[PDB]
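K.L.:
show me the folded form of this:
(chains A and B)
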Amino acid sequence: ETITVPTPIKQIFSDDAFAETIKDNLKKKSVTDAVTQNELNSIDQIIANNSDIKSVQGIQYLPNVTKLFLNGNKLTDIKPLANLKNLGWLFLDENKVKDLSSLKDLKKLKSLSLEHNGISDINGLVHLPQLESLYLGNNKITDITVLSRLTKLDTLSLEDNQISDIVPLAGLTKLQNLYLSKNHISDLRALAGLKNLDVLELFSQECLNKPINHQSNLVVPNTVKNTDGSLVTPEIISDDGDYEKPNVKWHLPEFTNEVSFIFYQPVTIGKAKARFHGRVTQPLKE
Amino acid sequence: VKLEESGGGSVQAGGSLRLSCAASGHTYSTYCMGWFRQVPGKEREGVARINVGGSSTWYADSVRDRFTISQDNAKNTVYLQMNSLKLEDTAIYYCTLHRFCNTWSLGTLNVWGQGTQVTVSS
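P.N.:
Residues are numbered from 1 along each chain as shown, chains lettered A, B, ... in the order given. Sure, structure below:
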């Protein structure tokens, strides 16, 4: 897409904040100044974090942008980014962007940051198998199936999501830095073959068991597994319970809505040293 | 996040200097820390980094065999040993940090220290 004749900035970039960003990038004096296509072709980087941008309409006319910093705006749609064929680095933290499929043709994209966007569905990222860095912290993701295709990732953050099933990571042996804190992970076996890890974070899991019936003498199998499948010993057990491997046991003369236990296990994978820590909650049916 | 810089100074070409940088306040469990350098007016450039809490390092092509970066993870401090210093190494060296090393390399999103003068003379 091109502007055939020089046109005022504010006619191309409908968002007042983004028009000012373009003006400043080009060292123009006002958003009413005319811009040429050649001037737009010369934009290779935009830094516009925390700028109150609600839309990047008009950015489609910037074919050569390689780095886009748009953290902390009010974006809800990234359709105008879809044909930015040279984009290599994209930062979109703290927006509300969910149309990840809009990125599918960005085949030079190496780094993508989408933290705190309210994302659940990441299936559109399947179209970016060349990605080297992916940051999806602080979202509401449960299903990371498609990440089994992202075999060029060396850095991946999924911290602070709702993930229990990390099997899709098992084959991603290029991973070096892997951030998985604050999920629902109880089973590390998917990580066992990640021999190139240097950084691994496994803090503060919440592992939620399927409800079972309350009984006065409760017996709950421990399902927390290390990378070799061995059971991780609980360190702290609620309600005066005790561990008799492989079961946690409680005497509950009165109904209570849940019992729980907490575990902590140092783990080494590759060169990475991690602390796998979590709470298992067992809800009880009265 | 606050970065405290130490070291630097002036030394004759071929000599050695050391730089230190300590991170304090609200540090992540692991993070990227190291230095960029800049001659006044000229473009800043990455020098060396290390993943504090891991082990991976990176060096600019021009320093790769003369400089060594290390960490004291317990002190949240990194160290740069600068050997065989050249006139071209004269610059202000800025400690700088980002949670993720691949982003650290860009500079743009980093936390920055105030800068330490390094001067190499003939």
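K.L.:
domain assignment for chain A?
P.N.:
Residue ranges for the domains of chain A, per curated CATH domains: A:1-210, A:211-286.
K.L.:
for chain B, which of these is the nearest?
P.N.:
With C-beta to the nearest C-beta as the criterion, chain B lies closest to domain A:1-210 of the domains of chain A, at 4.2 Å. The way it works is simple: take the backbone N, C-alpha and C, and place the C-beta from them, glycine included.
K.L.:
what's the end-to-end length of the closest one?
P.N.:
53 Å (C-alpha to C-alpha, to the nearest Å).
K.L.:
what segments of chain B are strands?
P.N.:
B:2-7, B:9-12, B:17-24, B:31-38, B:45-52, B:57-59, B:67-72, B:77-82, B:91-98, B:111-112, B:116-121 (DSSP state E).
K.L.:
one step back: pick the most buried one from the domains of chain A.
P.N.:
domain A:1-210 (a mean of 18; mean count of other C-beta atoms under 10 Å in any protein chain shown).
K.L.:
how far does it sit from its chain's centre?
P.N.:
Domain A:1-210 sits 10 Å away from the centroid of its parent chain (C-alpha atoms, centre = their mean, to the nearest Å).
K.L.:
so which bits of chain B are right by chain A?
P.N.:
B:29-30, B:51, B:53-56, B:100-103, B:106, B:108-109 (C-beta under 8 Å from any C-beta of the partner chain).
K.L.:
just the buried ones from those, in ChimeraX syntax?
P.N.:
Applied in ChimeraX, the following selects the buried portion of the residues of chain B next to chain A according to 16 or more other C-beta atoms under 10 Å in any protein chain shown:
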select /B:30,51,53,54,100,101,102,103,106,109
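K.L.:
one step back: what's the most buried one of the strands of chain B?
P.N.:
strand B:31-38 (a mean of 25).
K.L.:
strand partners (parallel or antiparallel) of that one?
P.N.:
Applying DSSP bridges, strand B:31-38 is found paired with strand B:45-52 (antiparallel), strand B:91-98 (antiparallel).
K.L.:
on that earlier part again, what is the nearest of the residues of chain B next to chain A to residue A:132?
P.N.:
Closest approach to residue A:132 among these (C-beta to C-beta): residue B:102, at 6.9 Å.
K.L.:
not counting sequence-adjacent ones, nearest residue to that closest one?
P.N.:
Spatially, and ignoring its direct neighbours in sequence, residue B:102 is nearest to residue A:133 (4.5 Å; C-beta to C-beta, 6 or more residues apart in numbering or on different chains).
K.L.:
was I right to think residue A:274 contacts residue A:227?
P.N.:
No - Residue A:274 is beyond contact range of residue A:227, at 10.1 Å (criterion: C-beta atoms under 8 Å).
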